[PDB]
Amino acid sequence: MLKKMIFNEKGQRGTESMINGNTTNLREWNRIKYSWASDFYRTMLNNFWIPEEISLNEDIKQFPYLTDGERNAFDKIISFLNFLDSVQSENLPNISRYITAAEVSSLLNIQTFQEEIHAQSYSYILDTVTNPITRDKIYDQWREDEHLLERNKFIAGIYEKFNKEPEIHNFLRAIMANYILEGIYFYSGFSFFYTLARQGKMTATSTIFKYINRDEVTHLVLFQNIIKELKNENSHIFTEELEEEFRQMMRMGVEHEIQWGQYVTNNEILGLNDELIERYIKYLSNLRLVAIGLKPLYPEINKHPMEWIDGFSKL
Amino acid sequence: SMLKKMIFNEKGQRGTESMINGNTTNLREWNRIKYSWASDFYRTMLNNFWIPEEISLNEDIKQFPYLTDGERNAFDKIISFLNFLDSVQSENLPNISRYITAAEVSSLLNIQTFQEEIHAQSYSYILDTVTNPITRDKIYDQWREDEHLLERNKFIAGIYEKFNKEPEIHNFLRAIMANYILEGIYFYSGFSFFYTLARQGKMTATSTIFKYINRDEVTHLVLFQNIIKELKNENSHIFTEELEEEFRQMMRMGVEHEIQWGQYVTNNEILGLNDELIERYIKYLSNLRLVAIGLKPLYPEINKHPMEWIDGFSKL
Ligand SMILES: [Fe+3]
Ligand SMILES: [Fe+3]
Ligand SMILES: [Fe+3]
Ligand SMILES: [Fe+3]
């Protein structure tokens, strides 16, 4: 696979295909192929927010009173989410460079900016509610927790395979990895912060995560639609065995997130337990797979186990 | 012979070591940064956020059909050129950014890239609102019709593409200087056209959009000024006497190109602009730009601002 030119004077007008298309790379929003890119552009700019405009005065008073189990989950989760948002910052540009639909490149560039904002919001949280030494030991949790380090190497390793060897399948699994990250790893993290805010603790950082959650919904639909155009335009490489690979990347990611959520809560967070964490992640994976036309892994789990989250998460 | 950074580098150190070639993890940790000026730039950039479609063009819709042939000739060529500029900025910035080893600087370049996408869209919004689809597409395609416009485009894209395909440190620095020129010279020339129209009462809301773009451009300028200053300090063996002179010459040719383009599209038919005033304005700007990165001016004999009214006019 080779990367685009900066400007291709031999390109044709408009957008021809998602990948491998003969494009100029010019931004011409009234000459686009995918209808849907126009309404995502609009929705994404209207969702703009600045983390520092959200006051944390009451969370400053509550942070010293979290139990040691609640602090244990907070530190390891917020450090992991900061890792996710930073590898997205670095890899999204990587993916956009082979995408030949300028209107899609534009949306990934908006997405990249939004990730930077997310990562910054964690710096704002940690620097405001605690002192510098505690802030730095939360940032460095991966240096002292063997389990967290190996999640980082695993997730970064999929993206890194395409960074060093740009082949179609590698690109293709890289796209799926993004999707899994967006729709599974982050939604687990959100439910922790909503469950503490539901009990009255750290209310304001939970507000910040509802803004992050709102952006994440657009990131999910962006990749959902990216996968389906790619299948529509390359149906010979979307074989029965390639689609099974995606299902299995997803199973493997489910398992990791479940094992991870149980490890940092350690039956010391009131309102979550190991069984509820298991059925929530599996249920979410059923929704994510059908949205891209794949059969669910857990056909027996059809009811939402934590229905209160969807009303709570909205602004 | 530069080398691309990893997605995540487990063996990196905490904080930022250098601009390029540093042992970084790529993690975003805003309270552990080396370039303290990065913080304020983040803040400023975010507070400058705007949405092009929120500015009404209702007055420009009625005025567009009564522009002179000479005004339309200039309007069509300039806005198609500026759309090319922002488009290549949107494509090239991430290529530069991926070699930068200071995460706090990479954050800023990503914000820049996002702002460039908004700029390019602004242009779609103007053209789709003030005229009909067939005229709109003709303005988009003006580079397919006008050989001068095409060669300019190839020239500008070629500097970036020589790094894109050959990642070496000299190609990298020449590309950085190219960016600086693009933003501090080519764009400033385009702005003076739309302000000159609006000063006469024509296309006033189009000019309001360009003030927002101008505002963002100032921040992009200062960003590149600081990136260059730090690269000089940390790579002094590469920044020879001779390479600084090659930067001065890059600016010379950019100045020459922009004057001849400004003169070509206006053709002495835009009231309030003339060939000598365009000459003097571009040269005056290059003196400021070169000074700002510690280099001697090319045109020291042009010391007073030849179009002073622009500074107050461009403000919001
Ligand atoms: Fe995010
Ligand atoms: Fe995201
Ligand atoms: Fe711009
Ligand atoms: Fe710019």
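Any value given below was found using the heavy atoms of this structure, including those in side chains, with hydrogens, waters and symmetry copies removed. Labels below follow one simple rule: chain letters A, B, ... track the order of the sequence lines, proteins then strands, and each chain is numbered from 1.
- Checked by atom type and distance alone, the side chain of A:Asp85 never pairs as donor or acceptor with a backbone atom of A:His118 at under 3.5 Å.
- Most heavy-atom pairs under 4.5 Å with chain B: of the set A:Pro132, A:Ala119, A:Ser106, this distinction falls to A:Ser106.
- Ranked by heavy-atom pairs under 4.5 Å with chain B, the list A:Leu92, A:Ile117, A:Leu126 is led by A:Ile117.
- Heavy atoms of B:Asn95 lying under 4.5 Å from chain A belong to its backbone as well as its side chain.
- Residue contact with chain A, scored on non-hydrogen atoms closer than 4.5 Å, involves the backbone and the side chain of B:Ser90 alike.
- Neither the backbone nor the side chain of B:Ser97 comes within contact range of chain A; no heavy atoms are under 4.5 Å apart.
- Between the A:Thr23 side chain and the A:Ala101 main chain, no donor and acceptor come within less than 3.5 Å of each other.
- Looking at B:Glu104 and B:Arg32, no side-chain N of the basic residue comes within less than 4.0 Å of a carboxylate O on the acidic one, giving no salt bridge.
- In this structure, chain B has heavy atoms under 4.5 Å from both the backbone and the side chain of A:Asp136.
- Interface remark: of the candidates B:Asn164, B:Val88, B:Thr113, B:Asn164 forms the most heavy-atom pairs closer than 4.5 Å to chain A.
- Only the side chain of A:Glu52 comes within contact range of chain B, with at least one heavy atom under 4.5 Å from a heavy atom of that chain.
- Residue contact with chain B, scored on non-hydrogen atoms closer than 4.5 Å, is absent for A:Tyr122.
- Counting heavy-atom pairs closer than 4.5 Å to chain B, the top-ranked of the candidates A:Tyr159, A:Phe7, A:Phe48 is A:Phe48.
- Relative orientation of the A:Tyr34 and A:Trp36 rings is parallel, given thresholds of 30° and 60° on the angle between their planes.
- Using a 4.5 Å cut-off between heavy atoms, A:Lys164 does not touch chain B at all.
- Remark: B:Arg152 is not positioned above the aromatic ring of B:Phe84, lacking an NZ or CZ atom under 6.0 angstrom from the ring centre and at most 45 degrees off the axis.
- For B:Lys77 and B:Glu145, the salt-bridge test fails: no basic side-chain N is under 4.0 Å from an acidic carboxylate O.
- Contact count versus chain B (heavy atoms, under 4.5 Å) is highest, among A:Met5, A:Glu115, A:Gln114, A:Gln111, for A:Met5.
- Chain A forms more heavy-atom pairs under 4.5 Å with one residue of B:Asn31, B:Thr25, B:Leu27 than with any other, namely B:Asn31.
- More than 12 heavy atoms of other residues, nucleotides or ligands lie within 6.0 Å of CZ in B:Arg144, so this atom counts as buried by the packing criterion.
- Note on A:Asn91, A:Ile155, A:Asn46, A:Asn152: by heavy-atom pairs under 4.5 Å with chain B, the leading option is A:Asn91.
- Annotation: B:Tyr99 is in aromatic contact with B:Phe163 [ring centroid separation under 6.0 Å].
- Contact annotation for A:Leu149: only side-chain heavy atoms (C-beta onward) come within less than 4.5 Å of a heavy atom of chain B.
- Using the six-membered ring where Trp is involved, B:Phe210 and B:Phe194 have ring planes that are parallel, under 30° apart on the 30 and 60° scheme.
- If you tally non-hydrogen atom pairs under 4.5 Å between each of A:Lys3, A:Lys153, A:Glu116 and chain B, the highest count goes to A:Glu116.
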Under the criterion salt bridge (charged side-chain N to carboxylate O under 4.0 Å, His left out), I'd like the reasoning laid out for B:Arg14 against B:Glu29: C-alpha separation, chi angles, the key distance, then a yes or no. CA-CA 9 Å; B:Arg14 324 181 171 61; B:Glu29 302 174 341; over 6 Å; no
